[PDB]
$ cat final00.tsv   # TSV, C-alpha atoms and all ligand atoms
chain	number	residue	atom	x	y	z
A	30	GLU	CA	0.00	0.00	0.00
A	31	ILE	CA	0.88	3.69	-0.44
A	32	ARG	CA	1.86	5.19	2.93
A	33	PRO	CA	2.06	8.91	2.24
A	34	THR	CA	4.60	11.09	3.94
A	35	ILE	CA	1.93	13.86	4.07
A	36	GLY	CA	-1.82	13.23	4.17
A	37	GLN	CA	-3.99	10.57	5.72
A	38	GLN	CA	-3.07	6.90	5.59
A	39	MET	CA	-5.18	4.10	4.09
A	40	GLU	CA	-7.66	2.79	6.67
A	41	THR	CA	-10.68	0.44	6.83
A	42	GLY	CA	-13.33	1.75	4.40
A	43	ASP	CA	-10.72	2.69	1.75
A	44	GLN	CA	-10.56	1.10	-1.73
A	45	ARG	CA	-7.26	1.13	-3.65
A	46	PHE	CA	-7.89	1.54	-7.41
A	47	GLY	CA	-4.84	1.92	-9.61
A	48	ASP	CA	-2.68	4.67	-8.05
A	49	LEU	CA	-5.62	6.17	-6.14
A	50	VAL	CA	-7.72	5.57	-3.08
A	51	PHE	CA	-11.50	5.97	-2.88
A	52	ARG	CA	-13.58	6.22	0.29
A	53	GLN	CA	-17.36	6.27	0.47
A	54	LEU	CA	-18.45	9.10	2.81
A	55	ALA	CA	-22.23	8.93	2.23
A	56	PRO	CA	-24.58	6.89	-0.02
A	57	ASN	CA	-23.95	9.40	-2.83
A	58	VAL	CA	-20.52	10.88	-1.91
A	59	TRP	CA	-17.02	9.48	-2.28
A	60	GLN	CA	-13.63	11.00	-1.56
A	61	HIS	CA	-10.88	10.54	-4.20
A	62	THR	CA	-7.24	10.57	-3.10
A	63	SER	CA	-4.20	10.87	-5.36
A	64	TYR	CA	-0.50	11.16	-4.60
A	65	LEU	CA	2.40	13.34	-5.68
A	66	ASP	CA	5.68	11.45	-5.22
A	67	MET	CA	8.49	13.78	-4.22
A	68	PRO	CA	12.08	12.39	-4.53
A	69	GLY	CA	13.75	11.81	-1.15
A	70	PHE	CA	10.53	12.81	0.62
A	71	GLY	CA	7.71	10.55	-0.44
A	72	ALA	CA	4.08	10.83	-1.39
A	73	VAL	CA	1.73	13.71	-0.64
A	74	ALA	CA	-1.96	12.83	-0.63
A	75	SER	CA	-4.65	15.19	-1.98
A	76	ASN	CA	-8.39	14.66	-1.69
A	77	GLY	CA	-11.40	15.68	-3.72
A	78	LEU	CA	-15.02	14.50	-4.03
A	79	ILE	CA	-17.35	12.58	-6.31
A	80	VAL	CA	-21.09	13.15	-5.86
A	81	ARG	CA	-23.92	11.20	-7.43
A	82	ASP	CA	-26.96	13.34	-8.28
A	83	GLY	CA	-29.61	11.06	-9.81
A	84	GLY	CA	-28.45	9.91	-13.22
A	85	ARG	CA	-25.23	11.92	-13.26
A	86	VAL	CA	-22.02	12.46	-11.32
A	87	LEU	CA	-20.33	15.70	-10.22
A	88	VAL	CA	-16.63	16.05	-9.36
A	89	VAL	CA	-14.87	18.42	-7.00
A	90	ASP	CA	-11.12	18.87	-7.78
A	91	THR	CA	-8.86	17.00	-10.13
A	92	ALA	CA	-6.00	14.75	-9.01
A	93	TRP	CA	-2.39	16.02	-9.24
A	94	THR	CA	-1.96	14.77	-12.81
A	95	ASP	CA	-3.90	14.11	-15.99
A	96	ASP	CA	-3.26	10.36	-15.76
A	97	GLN	CA	-4.46	10.21	-12.14
A	98	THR	CA	-7.55	12.24	-13.17
A	99	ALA	CA	-8.27	9.81	-16.00
A	100	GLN	CA	-8.06	7.06	-13.32
A	101	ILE	CA	-10.77	8.91	-11.32
A	102	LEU	CA	-12.96	8.86	-14.43
A	103	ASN	CA	-12.25	5.13	-14.87
A	104	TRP	CA	-13.28	4.46	-11.25
A	105	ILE	CA	-16.52	6.36	-11.82
A	106	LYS	CA	-17.18	4.38	-14.99
A	107	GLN	CA	-16.54	1.05	-13.25
A	108	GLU	CA	-18.22	1.74	-9.92
A	109	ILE	CA	-21.07	4.10	-10.81
A	110	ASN	CA	-21.41	3.86	-14.60
A	111	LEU	CA	-23.06	7.27	-14.94
A	112	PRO	CA	-21.83	10.33	-16.85
A	113	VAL	CA	-19.87	13.11	-15.23
A	114	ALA	CA	-21.84	16.32	-15.80
A	115	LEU	CA	-19.31	18.82	-14.52
A	116	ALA	CA	-16.35	19.40	-12.32
A	117	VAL	CA	-15.65	22.29	-9.91
A	118	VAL	CA	-11.99	22.95	-9.04
A	119	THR	CA	-11.16	24.84	-5.89
A	120	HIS	CA	-8.05	26.90	-6.71
A	121	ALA	CA	-5.22	27.17	-9.20
A	122	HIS	CA	-2.66	24.80	-7.66
A	123	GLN	CA	-1.48	21.43	-8.97
A	124	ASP	CA	-3.31	19.25	-6.44
A	125	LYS	CA	-6.68	20.78	-7.44
A	126	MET	CA	-6.25	21.61	-11.16
A	127	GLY	CA	-3.32	19.49	-12.31
A	128	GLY	CA	-5.64	17.16	-14.23
A	129	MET	CA	-7.80	19.61	-16.17
A	130	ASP	CA	-6.73	18.22	-19.56
A	131	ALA	CA	-8.10	14.78	-18.66
A	132	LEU	CA	-11.48	16.27	-17.83
A	133	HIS	CA	-11.51	18.28	-21.06
A	134	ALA	CA	-10.52	15.27	-23.16
A	135	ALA	CA	-13.49	13.43	-21.63
A	136	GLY	CA	-15.82	16.32	-22.60
A	137	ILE	CA	-16.65	17.29	-19.04
A	138	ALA	CA	-17.67	20.92	-18.40
A	139	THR	CA	-15.25	22.54	-15.94
A	140	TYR	CA	-15.86	25.42	-13.55
A	141	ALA	CA	-13.57	27.46	-11.33
A	142	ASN	CA	-13.53	30.86	-9.68
A	143	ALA	CA	-12.91	33.49	-12.43
A	144	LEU	CA	-9.79	34.46	-10.42
A	145	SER	CA	-8.53	30.85	-10.54
A	146	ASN	CA	-8.93	30.91	-14.32
A	147	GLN	CA	-7.09	34.26	-14.51
A	148	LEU	CA	-4.25	32.98	-12.29
A	149	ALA	CA	-4.04	29.57	-14.00
A	150	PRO	CA	-1.35	30.51	-16.58
A	151	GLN	CA	1.04	31.92	-13.94
A	152	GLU	CA	0.33	28.90	-11.77
A	153	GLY	CA	1.17	26.48	-14.62
A	154	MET	CA	-2.45	25.24	-14.79
A	155	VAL	CA	-4.98	24.94	-17.58
A	156	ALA	CA	-8.03	27.16	-16.88
A	157	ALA	CA	-11.49	25.73	-16.43
A	158	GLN	CA	-13.81	26.37	-19.35
A	159	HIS	CA	-16.32	28.35	-17.25
A	160	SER	CA	-15.90	31.00	-14.60
A	161	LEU	CA	-17.77	31.27	-11.34
A	162	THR	CA	-18.32	34.71	-9.84
A	163	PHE	CA	-19.29	35.61	-6.30
A	164	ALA	CA	-21.34	38.07	-4.33
A	165	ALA	CA	-19.94	40.44	-1.69
A	166	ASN	CA	-20.82	37.88	1.02
A	167	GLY	CA	-19.07	35.02	-0.80
A	168	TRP	CA	-22.04	33.11	-2.26
A	169	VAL	CA	-21.69	32.08	-5.89
A	170	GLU	CA	-23.74	34.03	-8.39
A	171	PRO	CA	-26.30	31.34	-9.41
A	172	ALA	CA	-26.32	32.20	-13.10
A	173	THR	CA	-22.62	31.28	-13.23
A	174	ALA	CA	-23.23	27.84	-11.63
A	175	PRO	CA	-25.99	26.37	-13.80
A	176	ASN	CA	-27.44	22.98	-12.95
A	177	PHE	CA	-25.04	22.41	-10.04
A	178	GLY	CA	-27.53	20.15	-8.24
A	179	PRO	CA	-26.43	19.69	-4.64
A	180	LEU	CA	-23.14	21.59	-5.01
A	181	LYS	CA	-23.33	24.90	-3.11
A	182	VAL	CA	-20.28	26.97	-3.93
A	183	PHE	CA	-18.97	29.56	-1.50
A	184	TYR	CA	-15.96	31.87	-1.73
A	185	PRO	CA	-14.90	32.45	1.89
A	186	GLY	CA	-12.33	35.15	1.23
A	187	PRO	CA	-8.54	34.96	0.75
A	188	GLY	CA	-6.72	32.41	2.84
A	189	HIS	CA	-4.68	29.50	1.52
A	190	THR	CA	-4.80	31.45	-1.75
A	191	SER	CA	-6.73	34.48	-2.86
A	192	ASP	CA	-8.87	32.32	-5.18
A	193	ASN	CA	-9.73	29.40	-2.89
A	194	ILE	CA	-13.37	28.29	-2.97
A	195	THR	CA	-15.39	25.80	-0.92
A	196	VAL	CA	-18.34	23.56	-1.62
A	197	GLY	CA	-21.22	22.37	0.51
A	198	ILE	CA	-22.98	19.16	-0.52
A	199	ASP	CA	-26.73	19.95	-0.10
A	200	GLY	CA	-28.84	17.01	1.07
A	201	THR	CA	-25.93	15.77	3.18
A	202	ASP	CA	-24.04	16.87	6.27
A	203	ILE	CA	-20.79	17.32	4.28
A	204	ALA	CA	-18.90	20.44	3.33
A	205	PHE	CA	-15.60	20.60	1.50
A	206	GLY	CA	-13.00	23.12	2.64
A	207	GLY	CA	-10.28	22.12	0.15
A	208	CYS	CA	-6.84	23.41	1.09
A	209	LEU	CA	-8.21	26.26	3.22
A	210	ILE	CA	-9.09	23.93	6.09
A	211	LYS	CA	-6.71	21.71	8.04
A	212	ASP	CA	-7.74	18.97	10.45
A	213	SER	CA	-8.40	19.49	14.14
A	214	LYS	CA	-5.02	18.00	15.07
A	215	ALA	CA	-2.94	19.72	12.33
A	216	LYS	CA	0.30	21.40	13.41
A	217	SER	CA	0.48	23.98	10.64
A	218	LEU	CA	-1.43	25.66	7.89
A	219	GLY	CA	0.63	23.90	5.19
A	220	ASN	CA	2.10	25.83	2.25
A	221	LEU	CA	1.57	29.55	2.94
A	222	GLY	CA	3.59	30.65	-0.11
A	223	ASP	CA	0.51	32.02	-1.90
A	224	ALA	CA	-1.52	32.73	1.26
A	225	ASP	CA	-3.16	35.86	2.62
A	226	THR	CA	-2.14	35.65	6.25
A	227	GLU	CA	-4.06	38.79	7.28
A	228	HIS	CA	-7.48	37.48	6.11
A	229	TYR	CA	-7.00	33.73	6.58
A	230	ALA	CA	-8.69	33.43	10.00
A	231	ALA	CA	-11.79	35.31	8.92
A	232	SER	CA	-11.99	33.28	5.72
A	233	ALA	CA	-11.82	29.97	7.64
A	234	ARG	CA	-14.59	31.17	10.00
A	235	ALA	CA	-16.65	32.39	7.03
A	236	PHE	CA	-16.58	28.88	5.56
A	237	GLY	CA	-17.92	27.54	8.87
A	238	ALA	CA	-20.67	30.17	8.96
A	239	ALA	CA	-21.67	29.45	5.33
A	240	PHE	CA	-22.32	25.77	6.13
A	241	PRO	CA	-23.31	26.00	9.81
A	242	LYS	CA	-24.89	22.53	9.98
A	243	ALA	CA	-22.23	20.57	8.13
A	244	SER	CA	-20.85	18.02	10.57
A	245	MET	CA	-18.42	16.23	8.25
A	246	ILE	CA	-15.68	18.55	7.00
A	247	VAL	CA	-13.71	17.22	4.05
A	248	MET	CA	-10.36	18.75	3.19
A	249	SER	CA	-7.47	18.29	0.81
A	250	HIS	CA	-4.76	16.82	3.00
A	251	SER	CA	-6.40	14.98	5.89
A	252	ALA	CA	-9.20	12.53	6.44
A	253	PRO	CA	-12.69	13.97	6.98
A	254	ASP	CA	-13.06	15.55	10.40
A	255	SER	CA	-15.50	17.31	12.66
A	256	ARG	CA	-16.19	21.06	12.76
A	257	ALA	CA	-13.18	21.32	15.08
A	258	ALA	CA	-11.14	21.35	11.85
A	259	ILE	CA	-12.67	24.77	11.10
A	260	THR	CA	-12.15	26.18	14.60
A	261	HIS	CA	-8.61	24.84	14.87
A	262	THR	CA	-7.66	26.18	11.42
A	263	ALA	CA	-8.99	29.60	12.41
A	264	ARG	CA	-7.10	29.49	15.72
A	265	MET	CA	-3.83	28.68	13.93
A	266	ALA	CA	-4.59	31.52	11.48
A	267	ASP	CA	-5.24	33.95	14.37
A	268	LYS	CA	-1.46	33.60	15.11
A	269	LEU	CA	-0.51	34.91	11.60
A	270	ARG	CA	-2.52	38.18	11.93
B	301	LIG	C1	1.15	19.56	5.73
B	301	LIG	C2	1.10	19.95	4.27
B	301	LIG	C3	0.04	19.61	3.49
B	301	LIG	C4	-0.03	19.96	2.13
B	301	LIG	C5	0.99	20.61	1.51
B	301	LIG	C6	0.95	20.97	0.09
B	301	LIG	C7	1.82	20.26	-0.78
B	301	LIG	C8	1.89	20.50	-2.11
B	301	LIG	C9	1.08	21.47	-2.65
B	301	LIG	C10	0.23	22.23	-1.82
B	301	LIG	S1	-0.60	23.60	-2.58
B	301	LIG	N1	-2.14	23.34	-2.69
B	301	LIG	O1	-0.02	23.71	-3.90
B	301	LIG	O2	-0.37	24.73	-1.71
B	301	LIG	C11	0.13	21.97	-0.45
B	301	LIG	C12	-0.81	22.65	0.46
B	301	LIG	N2	-0.49	23.33	1.57
B	301	LIG	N3	-1.64	23.72	2.11
B	301	LIG	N4	-2.64	23.28	1.37
B	301	LIG	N5	-2.13	22.63	0.30
B	301	LIG	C13	2.11	20.96	2.29
B	301	LIG	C14	2.13	20.60	3.65
B	302	ZN	ZN	-3.06	25.15	-2.88
B	303	ZN	ZN	-3.31	21.69	-1.24
$ encode --input "final00.tsv" --output "structure tokens" --more "lines below"
Ligand SMILES: Cc1ccc(-c2cccc(S(N)(=O)=O)c2-c2nn[nH]n2)cc1
Ligand SMILES: [Zn+2]
Ligand SMILES: [Zn+2]
Amino acid sequence: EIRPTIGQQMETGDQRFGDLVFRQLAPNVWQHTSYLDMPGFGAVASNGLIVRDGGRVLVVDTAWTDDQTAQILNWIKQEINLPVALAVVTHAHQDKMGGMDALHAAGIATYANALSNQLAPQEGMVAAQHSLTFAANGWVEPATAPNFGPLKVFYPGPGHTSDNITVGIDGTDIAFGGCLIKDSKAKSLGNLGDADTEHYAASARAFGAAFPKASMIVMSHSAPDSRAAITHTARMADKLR
């Protein structure tokens, strides 16, 4: 098995498929995990989501690479056998957008914050084909997120990056914080190279206020946790201000 240097380990309830791991979180929600192997350091896990909405599937975040992302699509084909309607990617970094070309080759409509699409070239990413825009309180403008089904997109403010977005899964108790949120036992806020340290704490708390009844918080680099992930992330961020 893959024992990542960074990220959660494989545990009971996990399915290894090719180079990836899949974990069912709810009847209609699965977490995908892919790994970036760093020489002399080891693997770094990154998580995203797969949501079934009736006769179609929705994806949140790519894997690190196009091949890993094509493996996500193969898992969906084998395990669900329904078409992927769209994907939402949560900021312009490799772990979240590294596999855009695989989604495009498959003919899947891709969405990201307009700012993620604008930053994508400098970040070495391929932009999504559609841009999401947001209100002054962070909620997505609904005309920019057509037919998103249960995905409720929220821009919490600058934090891990200035473009980071989050997604609540309506009809469930799950919300996805991406790379903004760290687990309740995390020791750091991860890579702060592109972060807004002044606004981070407020952005983390805004995510919690946007999805006040979500009890399962999913994030990029740890296993799903309680709402203490939000509070602990904000407390660590209070130290940067
Ligand atoms: C403990 C830890 C976890 C993850 C990383 C990481 C590794 C590679 C790439 C990124 S990103 N999205 O490019 O900035 C990150 C990261 N840091 N915080 N969120 N994601 C580093 C340390
Ligand atoms: Zn990032
Ligand atoms: Zn990350």
$ closest_residue --input "final00.tsv" --among "A:89, A:243, A:67, A:218" --to "ligand ZN 302 (chain B)" --atoms "all atoms listed in the file"
A:218
$ atom_distance --input "final00.tsv" --atom1 "atom CA of residue 110 of chain A" --atom2 "atom CA of residue 75 of chain A"
23.8 Å
$ atom_distance --input "final00.tsv" --atom1 "atom CA of residue 266 of chain A" --atom2 "atom CA of residue 123 of chain A"
23.0 Å
$ atom_distance --input "final00.tsv" --atom1 "atom CA of residue 104 of chain A" --atom2 "atom CA of residue 46 of chain A"
7.2 Å
$ closest_atom_pairs --input "final00.tsv" --of "chain A" --to "ligand ZN 303 (chain B)" --cutoff "12 Å" --atoms "only C-alpha atoms and all ligand atoms" --output "CSV"
residue,atom,partner,partner_atom,distance
A:35,CA,B:ZN303,ZN,10.8
A:36,CA,B:ZN303,ZN,10.2
A:62,CA,B:ZN303,ZN,11.9
A:63,CA,B:ZN303,ZN,11.6
A:64,CA,B:ZN303,ZN,11.4
A:65,CA,B:ZN303,ZN,11.0
A:73,CA,B:ZN303,ZN,9.5
A:74,CA,B:ZN303,ZN,9.0
A:75,CA,B:ZN303,ZN,6.7
A:76,CA,B:ZN303,ZN,8.7
A:77,CA,B:ZN303,ZN,10.4
A:90,CA,B:ZN303,ZN,10.6
A:91,CA,B:ZN303,ZN,11.5
A:92,CA,B:ZN303,ZN,10.8
A:93,CA,B:ZN303,ZN,9.8
A:118,CA,B:ZN303,ZN,11.7
A:119,CA,B:ZN303,ZN,9.7
A:120,CA,B:ZN303,ZN,8.9
A:121,CA,B:ZN303,ZN,9.9
A:122,CA,B:ZN303,ZN,7.2
A:123,CA,B:ZN303,ZN,7.9
A:124,CA,B:ZN303,ZN,5.7
A:125,CA,B:ZN303,ZN,7.1
A:126,CA,B:ZN303,ZN,10.3
A:127,CA,B:ZN303,ZN,11.3
A:188,CA,B:ZN303,ZN,12.0
A:189,CA,B:ZN303,ZN,8.4
A:190,CA,B:ZN303,ZN,9.9
A:193,CA,B:ZN303,ZN,10.2
A:206,CA,B:ZN303,ZN,10.5
A:207,CA,B:ZN303,ZN,7.1
A:208,CA,B:ZN303,ZN,4.6
A:209,CA,B:ZN303,ZN,8.0
A:210,CA,B:ZN303,ZN,9.6
A:211,CA,B:ZN303,ZN,9.9
A:218,CA,B:ZN303,ZN,10.1
A:219,CA,B:ZN303,ZN,7.9
A:220,CA,B:ZN303,ZN,7.7
A:221,CA,B:ZN303,ZN,10.2
A:222,CA,B:ZN303,ZN,11.4
A:223,CA,B:ZN303,ZN,11.0
A:224,CA,B:ZN303,ZN,11.5
A:248,CA,B:ZN303,ZN,8.8
A:249,CA,B:ZN303,ZN,5.8
A:250,CA,B:ZN303,ZN,6.6
A:251,CA,B:ZN303,ZN,10.3
$ closest_residue --input "final00.tsv" --among "A:169, A:72, A:247, A:164" --to "ligand LIG 301 (chain B)" --atoms "all atoms listed in the file"
A:72
$ residues_near_point --input "final00.tsv" --point "(-10.9, 4.0, -13.3)" --cutoff "12 Å" --atoms "all atoms listed in the file" --output "number ranges by chain"
A: 44-51, 61, 96-110
